[PDB]
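The residues making up each chain are set out below.
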Amino acid sequence: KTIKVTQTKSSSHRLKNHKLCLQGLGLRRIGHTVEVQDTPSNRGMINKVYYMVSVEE
Amino acid sequence: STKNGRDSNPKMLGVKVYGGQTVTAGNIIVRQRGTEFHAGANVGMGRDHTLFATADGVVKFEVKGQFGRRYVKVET
RNA sequence: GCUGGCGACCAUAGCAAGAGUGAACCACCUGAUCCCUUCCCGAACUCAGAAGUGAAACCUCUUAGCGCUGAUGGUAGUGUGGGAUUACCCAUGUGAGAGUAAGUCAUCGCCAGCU
RNA sequence: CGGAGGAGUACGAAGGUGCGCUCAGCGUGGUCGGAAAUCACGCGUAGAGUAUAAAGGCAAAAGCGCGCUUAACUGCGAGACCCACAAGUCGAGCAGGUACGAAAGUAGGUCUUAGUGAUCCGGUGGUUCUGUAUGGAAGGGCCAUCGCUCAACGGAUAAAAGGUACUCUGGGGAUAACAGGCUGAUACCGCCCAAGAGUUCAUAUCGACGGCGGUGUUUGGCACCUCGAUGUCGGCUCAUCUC
RNA sequence: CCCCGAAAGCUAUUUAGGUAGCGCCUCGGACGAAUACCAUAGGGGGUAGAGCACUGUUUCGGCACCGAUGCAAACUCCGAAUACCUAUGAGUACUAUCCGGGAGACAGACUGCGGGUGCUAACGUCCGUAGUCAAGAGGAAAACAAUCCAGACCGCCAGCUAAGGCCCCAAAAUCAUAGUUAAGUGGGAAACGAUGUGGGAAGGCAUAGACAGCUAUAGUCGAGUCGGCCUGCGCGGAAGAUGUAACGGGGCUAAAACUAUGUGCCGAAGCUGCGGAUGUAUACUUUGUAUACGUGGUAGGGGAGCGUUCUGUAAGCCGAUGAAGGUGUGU
RNA sequence: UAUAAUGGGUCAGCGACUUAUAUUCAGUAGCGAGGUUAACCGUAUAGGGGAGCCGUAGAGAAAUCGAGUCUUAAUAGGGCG
């Protein structure tokens, strides 16, 4: 029902919507791990920033 | 010396209210130089081919008729 | 089942060719007296009527001839990340146009006449 | 200081309305008459037209005729578009008075987008506003309207050209002339293909039409360094490197 | 000392290196989900591509038309991805909006992508869009604002990593397994030239005897031989001025080069560990306390303080048992 | 900008957002539908001095009306309150 997402790269130079996706998932720094509901709305934000996150499914 | 170098001010034409939005009577829907869109139900046409709403409701676009004209109407 | 009027829809519904229809309906049809009419003309519009014909017209049926509709697969393009700089390659998402197989001689509604 | 064109108007009908009508082209015949005037019948087909440039449009034709007419009205105006301001644009609907229709109705100029000029100062018409003691008046206000190539078109004044090598000040390497830098069109040098010339014979020596590079001596392009100064055309003296 | 933090744009200007309104910054007040990211649903398009149905333009046939065949910023029978507008919804986040006090700024630069101009020149010039610098330190690039990794509150002789690396200068593999190169290619470049070498798919001739050589098609001999296509890495083409000077250097050839795979390690002011300070908010319903999130900064805006001279407090308090001032030391 | 762009040979002392008036906003204090005096008098920071100023009502060019008022033929509509 829930998945864990970890930020693996810096977000300082990314696109505005990509930074907002990270913030809307709740990730705050490199190495941060959060646990979020497994819903299509959360999956969209995860997929948009796939290149700098790691999902423990 | 070039013989060119002129242009006119912009006119800001285009669609102002898209399909599925709600309107109040008097709202402008389409600014257009000619009749690219035609007025359906509850939609009026101005002297410069502007399309506006004459009733409150939801805007809907369609293609209709024997000529395939584009129509925009308002559903109450 | 045939005919007429008004609509939905706007070619898979259209054009073209061929063939049928007169009981009623419709169409031609008679001539021009009064209504009405032509920058001339009863050609159209209009009136008053049934001596003829379904010839033309309009409708109905048949035909893939012209047209129209049209996959699947592939190709081009393209958002994000990475690698390169004649404008490509990889991962991921998306995906035409043209062409090919194939389809089509429409489908419904309201009212009124004639069997 | 990119590529192409237009405007500084026109119209009392070329506006309103009711009714009515379709273009252009080609082919056949028909006196002058034919490439192409007008008549008649067909064929296929928006290729015509829309006062004017282009674009977006145009069958209920927005194109084209006829009769009657003045809605090219007055007071407005829900609601929007556009927008720094000042401005600009569309508008259903209500009241009064009209025009055309038998009528449902249509009409607040023209298919639309250019045809324009703020404020100040003055002129004209109107006005149940004001009126320096009072009654008037003059003057002022309000409503309508007139006088701009103020075109450098947000218009500094009602009113304005030149010289300076006799010159001066405040600034700029925000910006030119020298040298440096980037670039290499141009310049110079090299290579590829090879029609042909060479009595025969492309390549001893040349080498057309075309193609690919190198260098950083020319003419240039750019404006990065220097304008609180990098101060030189040639000659003299003295050089050092490349091939 | 603490907190936040721009712009080099639009419009107008006898304006262009000035200024004004708007855009962007800050502070106070009001008001709280009205906001944003993502998903789903609704919507218009005429760009990329493509095409020849219009407008132009193009070649070859047949008789302006018919059949084949190309092209287009100002062509379109067609036509995306993205972007944009609206409604609903989960989660996350101090979001959105309104009213006022104070500004600064209106010389930008480079890089990637889409273009105009220029010669598909320029560290050239003018737009759109994103990142960085400007106003940003650290690590990697030999050195190198604008590239890559990453956003510095303070202290530590603790640990893990990113980009990039692991023979020595100089931290970490002279690590492991397969190949390729002989050019110091690696560690600058084109048309073009060549039996350099590795791999691959076909084809021709041949032990009733092939290719070359050799004797007059036959003959000695005794197996392969021949000519092309695709592809990996190399070679020539390749000339400049101060001094090797086109791997940073030393040096490197079953590499310390290139290609593929794997196991470890080094590596930053990033992350973690320990100690300390400070801002904002929630709850403790004084507290000065815990928790959560923050603390790079130019022009600017806001907040809080240290010292100096003078007036009152002061006819007080300190001072020849030594004031102010000067010069050392400690804290 | 290490810049081969500007300025400074060094030390000590001096050297640049002030003052008056008006106005607006914010803090703070008094009073509060009210608040407050100016010149001046005054052996005088007191106490007197209410002229004046701000607030308490808008609309309209104005005359005028007034919680309404302007525009209009309109009690419609619309603008400011």
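That block above? That's the structure.
Residues numbered from 1 in each chain as written, not as in the entry; some residues may be left out. Chains lettered and ligands numbered in written order. Part of a larger assembly, values for the part shown. Heavy atoms only, no water.

Visitor: When you look at the overall build of chain A in this model, what are you seeing that I'm missing?
Guide: Along the backbone of chain A there are two helices and three strands. Reading the helices (α) and strands (β) of chain A from amino to carboxyl end gives β-α-β-α-β. For chain A, the C-alpha radius of gyration of 10 Å lies close to 10 Å, the compact-globule estimate for 57 residues. Overall size of chain A, expressed as C-alpha extent along the three principal axes, is 30 × 20 × 15 Å. By residue count, 28% of the 57 residues in chain A fall in the buried class. Across chain A, contacts joining residues at least 24 apart in sequence account for 67% of those joining residues at least 6 apart. Accessible surface, chain A: about 4,000 Å² in total, of which carbon and sulfur atoms supply 48%. Treating the 10 positive side-chain charges of chain A as one cloud and the 4 negative ones as another, the clouds have centres 14 Å apart. (Helix = DSSP H or I, 4+ residues; strand = E, 2+ residues; numbered from the N terminus. Rg over C-alpha atoms; globule rule 2.2 N^0.38 Å. Buried < 20%, exposed > 50% of the residue type's maximum accessible area, 1.4 Å probe, protein only. Contact = heavy atoms within 4.5 Å. Areas by Shrake-Rupley, 256 points an atom, 1.4 Å probe, with all protein chains shown as cover. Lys, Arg positive; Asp, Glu negative; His and termini not counted. Charge placed at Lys NZ, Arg CZ, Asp CG, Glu CD.)

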